[PDB]
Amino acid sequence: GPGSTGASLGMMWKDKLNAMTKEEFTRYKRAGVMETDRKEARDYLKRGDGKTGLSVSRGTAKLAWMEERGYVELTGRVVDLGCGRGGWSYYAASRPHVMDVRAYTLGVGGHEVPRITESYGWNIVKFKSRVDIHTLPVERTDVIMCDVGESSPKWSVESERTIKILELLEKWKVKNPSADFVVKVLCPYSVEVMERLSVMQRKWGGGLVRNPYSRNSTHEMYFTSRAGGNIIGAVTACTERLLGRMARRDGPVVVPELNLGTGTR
């Protein structure tokens, strides 16, 4: 495929997601998706028992899966652009080769607020809320982490939002050319995103990965420093599966939550 084939396929997927009923959507959303079980975690969150190693969100697992399979090498200083509740930050912290973790996010108008918790490594985590990552002055880092991307029914909106994030990586990577990156690509199937993505690969290496834990309702993929392959091929593969799961009626694949344990480093 040239890239336009990839593009119109994702757009087919989008139209088919939007045309669903609430019934079909809620079913499809989770069908065959890996799902961390939050029964216990939700209780600690509702109660506010910050003395827990359990994940503050479902981002932790996503990051775990990325890292255990080796699409990123979390070492040294780890900047977490757009950290919401801190699920990635708290994961990054629990990891041996990781020194300092700067977590940034808004946490402002119904936006996820960093959750304070005694998960293993919290002392080397430093949150800042009321922060706009796009204007946060570039600092030196070993790892650039960015899980940002507000979904939308309009793919061109989704792609627009994805591009600002790709330019955010470039900026942060021009000062830190040798650092690892895991970067959300909310709309990898659009024509603009694909061309920027391959240009960035040409410059920085890395590639696209689809996370099992991502819901079928989002087409999100991750651009990481240690993966590789054809980008168009990777997105198309992803679109192919997401389209096929529309006949999937079964539930999610439920897996236990991550426990990072309680403690300091």
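Sequential numbering from 1, following the sequence displayed.
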State which stretch shows the higher mean Cα B factor in the entry: 115-123 or 163-171. 115-123
Segment of higher mean CA temperature factor, 220-228 or 51-59: 51-59
Using the temperature factors in the entry, find which of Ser190, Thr75, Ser152, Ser89 has the highest value at its Cα atom. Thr75
What third of the chain, by the recorded C-alpha B-factor, contains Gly244? lowest
B-factor third for the C-alpha atom of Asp142 within its chain: highest
Split into thirds by Cα B-factor across the chain's modelled residues, where does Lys46 land: lowest, middle or highest? highest
Determine, from the deposited record, the chain-internal third of the Cα B-factor for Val101: lowest, middle or highest. highest
Could you place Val131 in the lowest, middle or highest third of its chain by Cα temperature factor, using the values in the record? middle
